[PDB]
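Architecture at a glance
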Amino acid sequence: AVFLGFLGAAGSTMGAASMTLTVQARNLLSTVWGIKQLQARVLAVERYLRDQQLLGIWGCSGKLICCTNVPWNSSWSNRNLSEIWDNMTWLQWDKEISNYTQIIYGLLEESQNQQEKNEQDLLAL
Amino acid sequence: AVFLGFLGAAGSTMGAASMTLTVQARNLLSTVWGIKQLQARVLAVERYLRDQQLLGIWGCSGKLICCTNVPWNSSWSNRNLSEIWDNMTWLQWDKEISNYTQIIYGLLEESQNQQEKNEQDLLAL
Amino acid sequence: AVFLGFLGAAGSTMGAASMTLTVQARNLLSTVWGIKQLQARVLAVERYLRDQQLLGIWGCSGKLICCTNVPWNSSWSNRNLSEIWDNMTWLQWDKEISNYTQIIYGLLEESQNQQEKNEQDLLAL
Amino acid sequence: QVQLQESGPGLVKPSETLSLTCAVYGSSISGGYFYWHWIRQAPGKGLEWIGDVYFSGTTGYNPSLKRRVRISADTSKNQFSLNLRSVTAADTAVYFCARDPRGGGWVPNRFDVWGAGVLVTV
Amino acid sequence: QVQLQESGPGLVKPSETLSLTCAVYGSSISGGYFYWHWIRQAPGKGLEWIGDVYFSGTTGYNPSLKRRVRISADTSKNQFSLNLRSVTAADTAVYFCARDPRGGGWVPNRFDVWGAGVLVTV
Amino acid sequence: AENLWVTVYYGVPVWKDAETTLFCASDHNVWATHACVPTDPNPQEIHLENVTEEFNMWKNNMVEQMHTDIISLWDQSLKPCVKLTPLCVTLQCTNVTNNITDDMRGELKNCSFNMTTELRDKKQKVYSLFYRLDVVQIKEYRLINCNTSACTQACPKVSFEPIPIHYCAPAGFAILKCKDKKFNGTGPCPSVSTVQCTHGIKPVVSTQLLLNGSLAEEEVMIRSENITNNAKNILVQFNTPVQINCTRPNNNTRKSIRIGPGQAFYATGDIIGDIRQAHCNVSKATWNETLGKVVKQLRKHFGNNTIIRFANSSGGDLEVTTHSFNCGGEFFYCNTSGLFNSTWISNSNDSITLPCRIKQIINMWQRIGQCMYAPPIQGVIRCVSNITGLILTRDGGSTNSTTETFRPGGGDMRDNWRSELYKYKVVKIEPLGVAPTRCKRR
Amino acid sequence: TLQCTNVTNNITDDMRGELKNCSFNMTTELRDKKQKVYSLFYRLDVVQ
Amino acid sequence: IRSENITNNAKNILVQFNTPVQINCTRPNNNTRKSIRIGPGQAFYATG
Ligand SMILES: *[C@@H]1O[C@H](CO)[C@@H](O[C@@H]2O[C@H](CO)[C@@H](O[C@@H]3O[C@H](CO)[C@@H](O)[C@H](O[C@H]4O[C@H](CO)[C@@H](O)[C@H](O)[C@@H]4O)[C@@H]3O)[C@H](O)[C@H]2NC(C)=O)[C@H](O)[C@H]1NC(C)=O
Ligand SMILES: *[C@@H]1O[C@H](CO)[C@@H](O[C@@H]2O[C@H](CO)[C@@H](O)[C@H](O)[C@H]2NC(C)=O)[C@H](O)[C@H]1NC(C)=O
Ligand SMILES: *[C@@H]1O[C@H](CO)[C@@H](O[C@@H]2O[C@H](CO)[C@@H](O)[C@H](O)[C@H]2NC(C)=O)[C@H](O)[C@H]1NC(C)=O
Ligand SMILES: *[C@@H]1O[C@H](CO)[C@@H](O)[C@H](O)[C@H]1NC(C)=O
Ligand SMILES: *[C@@H]1O[C@H](CO)[C@@H](O)[C@H](O)[C@H]1NC(C)=O
Ligand SMILES: *[C@@H]1O[C@H](CO)[C@@H](O)[C@H](O)[C@H]1NC(C)=O
Ligand SMILES: *[C@@H]1O[C@H](CO)[C@@H](O)[C@H](O)[C@H]1NC(C)=O
Ligand SMILES: *[C@@H]1O[C@H](CO)[C@@H](O)[C@H](O)[C@H]1NC(C)=O
Ligand SMILES: *[C@@H]1O[C@H](CO)[C@@H](O)[C@H](O)[C@H]1NC(C)=O
Ligand SMILES: *[C@@H]1O[C@H](CO)[C@@H](O)[C@H](O)[C@H]1NC(C)=O
Ligand SMILES: *[C@@H]1O[C@H](CO)[C@@H](O)[C@H](O)[C@H]1NC(C)=O
Ligand SMILES: *[C@@H]1O[C@H](CO)[C@@H](O)[C@H](O)[C@H]1NC(C)=O
Ligand SMILES: *[C@@H]1O[C@H](CO)[C@@H](O)[C@H](O)[C@H]1NC(C)=O
Ligand SMILES: *[C@@H]1O[C@H](CO)[C@@H](O)[C@H](O)[C@H]1NC(C)=O
Ligand SMILES: *[C@@H]1O[C@H](CO)[C@@H](O)[C@H](O)[C@H]1NC(C)=O
Ligand SMILES: *[C@@H]1O[C@H](CO)[C@@H](O)[C@H](O)[C@H]1NC(C)=O
Ligand SMILES: *[C@@H]1O[C@H](CO)[C@@H](O)[C@H](O)[C@H]1NC(C)=O
Ligand SMILES: *[C@@H]1O[C@H](CO)[C@@H](O)[C@H](O)[C@H]1NC(C)=O
Ligand SMILES: *[C@@H]1O[C@H](CO)[C@@H](O)[C@H](O)[C@H]1NC(C)=O
Ligand SMILES: *[C@@H]1O[C@H](CO)[C@@H](O)[C@H](O)[C@H]1NC(C)=O
Ligand SMILES: *[C@@H]1O[C@H](CO)[C@@H](O)[C@H](O)[C@H]1NC(C)=O
């Protein structure tokens, strides 16, 4: 079934947990009582579609691991790679970087737009 | 915070308005009164999904500015680049070619299909 | 005017029917009576979104003819290309490999995941 | 039951466009299975292919008449029209419209069902 | 009815960051149609451009003051702020905030509506 | 030197606490299985390791959601049933005279009254037996519910037997279990396990003597929102059954009276046999050992040397003063005083027999304006239930003095559901994530 | 049916041909019983 | 002044003021409400 091994790597480190993104990814979609299940299904569909729209706006459409080209400001986190991928878990990382998430989202959006414009004017020639 | 400048560039020229496409894309998705809200949400989801399918059929999936390889027939509009991107707005342009839209969509669809077939034939070799 | 030949190439061979995928692909989206109609719409939307998610997980997002790098094990089928694309129809093919479908989907999923990981490792350098 | 009927002017002044319309009650033109040909037969002569049209618009005409002919096919009302430009005195013939199961390549080009056959004298 | 109002300290010790917030009642900063400039005029002198800010944060300052100034526009409350660091005696001036219809290629830099104008002595 | 760049990951295993609407998963009755989804035959449980999750049974939205669901289900199930508006008439009643029992005196009354029939222009005269709790003096009596609201009869076909209802979660959400033994509801749980759907949560309704449910696995457990404060209730979960046998030894007869065009009123007719009070039997040794385990567990949290006293119900409404429950459609209000009458201090075959009172006019929830009329059940009723918990409240004002008094309490039905919905928590996944990594698109 | 009479206590000239003291029998909590009750109904509400 | 067709008199005319005209209505009578039971639970409120 699609529920097999759901989450699972919650306690795993970020590096180890990054190898099982498909399992979590494929589980995000699937008289008054009818309006309950129906509304829940519509809500899940809306959330998934919004998340997919955000990914497409960032240019990572149809990709699970798609790393962008915007620089990482050291203010968000001064930790080095060895101390995050092999020493921290995803839940702790999310709890750490929560205040700077929207700024990074905006930076990704503007970077993708600028890249699209650059490609457009390059292809114009 | 997501609304934050919906439309805005309606009065701008086409070229300038093309630089703020992202702001107009994030807001396209988000007893009987629950039915009212649910039907509104489902209609919005259906419209967004139809638009996304139409974009994907042309090969422009996950792109806000994606330009294809089909030619611009002069019969659709004789206006030149200097007078369309710097002298006319998007509403006027849409009203001008409102009755020449379906054939363009069909040409884009068949061109994308031919491109995919040619890619398959080339890669088979 | 979107129906326009739905399932037109049902009796056609696989090779001939593969040239009209867009016709069949564009029709997947479009008090208690309103509830039933809205539930049907939501079911169609959910099926289409699960389909799109399954296609995207394999890296074939935004492509109608996407061919991957997973080898074709002869155990699933022993018929050659000449007896498949020119001698068989899509319904017969689906009935023939109806019991070797899940393993193919799984193989495609892990192949795409491995491809993404290898691309990330190569691009890190 | 599937059958085609041809309509248009049975007598036209030479030296301008001649328009014929073949409408099929039966297999739909939109279906990507059949090609719709426009075989012609002049008196005292054999058959002569003019052109064919597919549901997706990939038409192909005879090399002899590649310039003087235009075949269109509209699926909303399920018919297809032939426009022969600059018809001469040698165009007096019976203009058949035929069906070919070339699409769905089980078999090669094979005209199986034919229209009634309208005789145009110019 | 569109206008702009400036606020901030009218007197500051001339070695620190100088903050001046211009808020617009009328048009919205979020809309990508107007640039928001910070023209200055010292007594007995002409106008002097300082910098401008767009809705997307692509700001540009005067080359003379490219190091001592920073313009930050917040669209949640629809205002913008000028932070002029290392202020000296040359900054005794009236700090106007202007609107430019450069957003949209209809016209070039065309400052049309100007703020009240606050004299920030220092 | 670092040259590290932002990277976005999809399907990340990150969750946040959230509240949503759970739905059915079952496998005619008041707990309608028709509008409830079928359950899979192979439930999947994904054990999560090295995860500590903060649970709080007292802030669970799922219990309130279940309470509203149960109330709505009962209201829906009562809709297609006859309304007993004509029943509000003056009843001419007399005492029951045949085969009287000393305990069963001042009880069920032979009442007679005029009521409508199939034809509007007629009035039949009918007799029936009505319990004392149902009627009230206006030699004239009226139904207790007449001056509150007209309320509907319960259809005989639908059964009130609890049925398990597995509460699954929508797509994108998850249900986290807590298998960690010796868990007091609140605080961190280190043994977290995702479950597609919950276990059997049989919707049994009762007070102070929580019937069929999930027993503890290690020993008796005591849970309370703030044990220092005496206002909050204290849930006690047993680790062994205390099986109870409650019965009505009165062979009853049901007679159908036609009150309208197709509407039928089911009344208690003959009481052939001997009249005897319904009784609840609890084993003596089993209750003694279970209460001793309870005593030890309470003494753990209330000092090693203290006097604890188990007294009977304080007072209030009959629902919030006796052990109410349903076994076969007849609602036994078994009075619990012998069970909670003892004192414990630092240091064969007989079984107790509680008194029970049958009632037909029922206001199960804390609502005024709606009732039911339980039809009489032919024959004898025996349900042989499982006592597997209690709700006890501490009497405040004892100060630092060693005296402590725990007495039965409750009234609110959320506590009944909270005992079987404590290990479960609802979370929503956040598949999007951002991290550093050596990358550049192009 | 209502048995009504004109008001007579502290009546003003403008408020004449107006709210009427009506009395009538009505059902009660017990089906087999009736009660005589009264109310002051405005003229626009009632009609002969 | 706004109207769909001011030339045609059939259509209504909406006049929107620029300042409000303060207007105060009142019913000086000190009425009383009495509840009488017309059935089980249902109660009718009457003028006293
Ligand atoms: C707690 O757990 C106990 C564990 O048994 C549970 O006892 C069960 O009570 C139900 C109450 O309905 C019993 O079900 C009845 O069983 C008898 C004997 O089998 C049947 O004759 C009954 O039939 C009724 O329904 C029929 C239609 O289907 C009618 O035609 C008939 O006239 C009856 O009305 C009914 O099915 C059940 O048997 C017991 N369990 C056992 C093992 O006997 C108890 O209910 C649980 N809850 C509480 C609050 O105690
Ligand atoms: C209709 O379909 C049948 C098969 O479903 C076609 O029969 C095939 O004909 C070709 C001739 O070249 C043979 O090579 C195949 O082996 C035949 N199929 C089978 C299963 O034996 C038939 O030609 C089709 N007819 C039309 C008009 O399309
Ligand atoms: C407002 O929009 C109008 C047109 O919608 C603009 O008019 C154009 O002005 C430019 C520059 O003066 C001319 O080159 C064009 O020919 C004009 N077009 C039309 C249709 O009038 C006008 O400039 C805009 N004004 C502002 C302030 O943006
Ligand atoms: C990572 O953390 C600090 C520098 O950020 C340093 O002490 C440590 O050695 C680093 N790790 C490695 C493997 O160098
Ligand atoms: C449009 O621009 C082209 C550029 O060379 C020019 O040739 C043409 O005359 C222009 N047409 C109009 C209508 O301005
Ligand atoms: C299509 O729209 C253009 C826009 O002006 C108009 O000139 C033309 O006549 C229209 N054609 C038809 C067939 O409506
Ligand atoms: C029924 O018995 C009770 C016992 O207290 C008594 O008060 C009552 O009067 C009796 N009924 C009649 C009708 O006398
Ligand atoms: C109740 O009274 C009726 C007469 O109204 C009588 O026929 C019936 O036997 C009595 N039943 C009991 C149990 O007293
Ligand atoms: C039923 O009707 C009879 C008719 O005489 C009457 O005597 C009796 O009191 C009525 N029953 C009541 C009011 O309960
Ligand atoms: C209904 O009547 C009973 C019996 O007299 C009484 O105890 C109760 O308070 C009454 N209810 C109301 C709302 O007056
Ligand atoms: C009551 O507990 C006993 C103890 O094992 C068990 O066998 C029985 O099934 C339980 N009955 C219920 C929960 O109805
Ligand atoms: C529950 O246990 C936690 C530690 O696991 C403790 O902090 C808390 O005080 C306990 N609460 C009660 C009511 O026992
Ligand atoms: C429990 O009640 C006491 C009363 O003194 C209070 O101080 C304490 O904060 C309460 N517990 C919690 C967790 O708030
Ligand atoms: C109860 O009465 C019925 C009526 O005939 C009888 O069939 C049944 O056996 C009685 N119950 C017992 C336990 O004897
Ligand atoms: C309950 O106990 C009493 C007295 O011990 C006994 O007479 C009766 O039969 C018992 N009933 C059940 C159901 O155990
Ligand atoms: C309840 O009854 C059953 C069977 O009649 C019996 O086995 C059990 O011991 C009884 N419960 C007691 C005596 O607590
Ligand atoms: C049982 O509770 C009631 C009400 O709280 C009380 O009056 C009575 O005294 C209690 N029983 C005993 C034996 O004290
Ligand atoms: C329960 O029974 C005991 C013992 O007879 C009695 O003292 C108590 O009052 C009863 N409960 C109530 C609420 O009356
Ligand atoms: C009440 O006064 C009106 C107005 O004078 C009169 O027409 C009407 O007859 C009066 N009502 C009665 C019952 O006389
Ligand atoms: C109310 O009933 C009495 C009893 O007969 C009757 O006299 C009176 O007229 C009735 N009231 C009406 C008809 O308004
Ligand atoms: C308004 O009404 C007049 C009536 O004579 C009519 O002539 C005129 O056309 C109407 N206005 C419009 C815009 O049609």
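Residues numbered from 1 in each chain as written, not as in the entry; some residues may be left out. Chains lettered and ligands numbered in written order. Part of a larger assembly, values for the part shown. Heavy atoms only, no water.

As recorded in the PDB header, cryo-EM is the method behind this entry, and the stated resolution is 3.52 Å.

To continue, consider the overall build of chain D. Each helix and strand in chain D was counted, giving zero helices and twelve strands. Its C-alpha atoms give chain D a radius of gyration of 14 Å, near enough to 14 Å, the size a compact globule of 122 residues would have. Oriented by its inertia axes, the alpha-carbon framework of chain D measures out at about 40 × 25 × 25 Å. Within chain D, the fraction of its 122 residues that count as buried is 42%. In chain D, 54% of the contacts between residues at least 6 apart in sequence involve partners at least 24 apart. Total accessible area on chain D stands at roughly 6000 Å², and carbon and sulfur atoms take up 52% of it. For chain D, the distance from the average position of its 12 positive side-chain charges to the average position of its 8 negative side-chain charges is 5 Å. (Helix = DSSP H or I, 4+ residues; strand = E, 2+ residues; numbered from the N terminus. Rg over C-alpha atoms; globule rule 2.2 N^0.38 Å. Buried < 20%, exposed > 50% of the residue type's maximum accessible area, 1.4 Å probe, protein only. Contact = heavy atoms within 4.5 Å. Areas by Shrake-Rupley, 256 points an atom, 1.4 Å probe, with all protein chains shown as cover. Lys, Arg positive; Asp, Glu negative; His and termini not counted. Charge placed at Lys NZ, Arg CZ, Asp CG, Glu CD.)

A word on the sheet that holds strand β1 (residues 3-6) of chain G. Residues and elements named next belong to chain G. A sheet is described by the order of its strands in space; here three strands give the open sequence β1-β2-β3, paired in antiparallel fashion. Lying at the two open borders of the sheet, with one neighbouring strand each, are β1 and β3 (34-41). Shown here is a sheet whose adjacent strand axes are inclined to one another by a mean of 20 degrees, direction ignored. (Pairing = 2+ DSSP bridges. Axes fitted to C-alpha atoms, helices over the stretch in contact; angles between N-to-C directions.)

Below, the discussion takes up the interface of chain C and chain D. How big an interface is tends to be expressed through the accessible area that disappears when the partners come together. Listed per partner, the contact involves 14 residues of chain C and nine residues of chain D. Together, the buried faces of chain C and chain D total about 780 Å²; carbon and sulfur atoms form 64% of this surface. At the junction of chain C and chain D, the tally comes to zero salt bridges. (Buried area = accessible area lost by both parts, 1.4 Å probe. Salt bridge = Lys/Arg side-chain N within 4 Å of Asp/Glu carboxyl O.)

Attention now goes to the nonpolar core. Soluble globular proteins tend to pack their nonpolar side chains together in the buried interior. With 48 residues, the main nonpolar core has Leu-49, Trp-58, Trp-90 and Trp-93 of chain A, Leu-49 of chain B together with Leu-49 of chain C as its most contacted residues. Ranked by residue count, the leading element in this core is helix α3 (residues 32-57) of chain A, at six residues. When near neighbours in sequence (up to four residues on either side) are disregarded, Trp-93 of chain A contacts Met-14, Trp-72, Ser-77, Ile-84 and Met-88 of chain A together with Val-434, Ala-435 and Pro-436 of chain F. (Core = buried A, V, L, I, M, F, W, Y, C linked by side-chain atoms within 4.5 Å.)

Our focus in this paragraph is the pattern of salt bridges. Applying the stated rule across the entire model yields 43 salt bridges over all chains. A salt bridge links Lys-232 of chain F to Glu-225 of chain F; the shortest N-O distance between them is 3.6 Å. Its relative accessible area of 44% is what places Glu-225 of chain F among the partly exposed residues. With its nearest N and O atoms 3.3 Å apart, the salt bridge here joins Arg-37 of chain H to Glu-29 of chain G. Pair noted here: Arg-37 of chain H is in strand β3 (residues 33-37) and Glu-29 of chain G is in the loop between β2 (20-27) and β3, and the two residues belong to different chains. Here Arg-37 of chain H falls in the partly exposed class, since its relative accessible area comes to 24%. A single network of salt bridges, built from pairs that share partners, joins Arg-40, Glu-48, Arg-68 and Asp-91 of chain D.

Here the focus is the state of the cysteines. A covalent bond between the sulfur atoms of two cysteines is referred to as a disulfide. All names here are of chain C. Taken as a whole, this structure holds 18 disulfides over all chains when the rule is applied. A sulfur-sulfur separation of 2.0 Å characterises the disulfide bridge that pairs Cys-60 with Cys-66. Classification of the bridge connecting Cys-60 and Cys-66 rests on its S-S torsion, roughly -55 degrees, and on that basis the disulfide is left-handed. Look at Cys-60 and you get buried, because its relative accessible area is 4%. The exposure class of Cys-66 is partly exposed, given its relative accessible area of 26%. (Disulfide = S-S within 2.5 Å.)

Attention now moves to the site of ligand 15. Residues and elements named next belong to chain F. Taken together, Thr-247, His-279, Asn-281 and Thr-353 make up the full set of residues near ligand 15. One nitrogen or oxygen atom from the side chain of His-279 is found 3.2 Å from a nitrogen atom belonging to ligand 15. Here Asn-281 contributes a side-chain N or O atom positioned 2.4 Å from an oxygen atom of ligand 15. Broken down by class, the residue content of the shell around ligand 15 amounts to no nonpolar, four polar and no charged. (Near = heavy atom within 4 Å. Polar contact = N/O pair within 3.5 Å; in protein donor to acceptor, adjacent residues only side chain to side chain. Nonpolar A, V, L, I, M, F, W, Y, C, P; charged D, E, K, R; others polar.)

Next up on the list: the site of ligand 2. Lining the immediate environment of ligand 2, one finds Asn-87 of chain C together with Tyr-33, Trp-106 and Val-107 of chain D. In this structure, ligand 2 is bordered by residues of chains C and D. Interatomic distance of 2.4 Å between a side-chain N/O atom of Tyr-33 of chain D and an oxygen atom of ligand 2. In this structure, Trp-106 of chain D approaches ligand 2 through a main-chain N or O atom, which is 2.9 Å from an oxygen atom. In isolation ligand 2 has 580 Å² of accessible area, and contact with the protein removes 40% of it. Considering only residue class, the shell around ligand 2 consists of three nonpolar, one polar and no charged.

Let us now look at unusual backbone geometry. Residues and elements named next belong to chain F. Phi angles above zero are rare outside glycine, and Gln-208 is one such case at about 75 degrees. Checked against the element boundaries, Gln-208 lands in the loop between β12 (192-195) and β13 (221-224). Accessibility expressed as a relative area gives 1% for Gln-208, which makes it buried. Residues other than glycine seldom take positive phi values, yet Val-384 does so here, at roughly 40 degrees. Its place among the elements puts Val-384 in the loop between β24 (358-359) and β25 (390-394). In this structure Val-384 comes out as partly exposed when scored by relative accessible area, which is 36%.

Before going further, it helps to spend a moment on the sheet that holds strand β4 (residues 40-41) of chain D. Residue and element names in this part refer to chain D. Pairing is antiparallel in the open sheet, where four strands are placed in the order β5-β4-β10-β12. Two strands lie at the open edges of the sheet, namely β5 (47-48) and β12 (118-120), each paired on one side alone. The pairing of β4 with β5 spans two bridges and is antiparallel. Paired with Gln-41 across the strands is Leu-47, a residue of β5.

Contacts between the two partners involve 50 residues from chain F and, on the opposite side, 59 residues from chain A. Buried area between chain F and chain A, summed over both chains or domains, comes out near 5000 Å², and the portion from carbon and sulfur atoms is 69%. Our count for the contact surface shared by chain F and chain A stands at two salt bridges. The partner of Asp-94 of chain A in a salt bridge is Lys-16 of chain F, with the nearest N and O atoms 2.8 Å apart. Counting across the chain F and chain A interface gives 14 residue pairs in polar contact. When residues of the side of chain F that touches chain A are traced back to their parent elements, those giving at least two are β1 (5-9), β2 (15-17), β3 (45-48), α1 (61-78), β10 (173-178), β12, β27 (425-429) and β28 (433-437) of chain F. For the side of chain F that touches chain A, the residue count by class is 31 nonpolar, twelve polar and seven charged.

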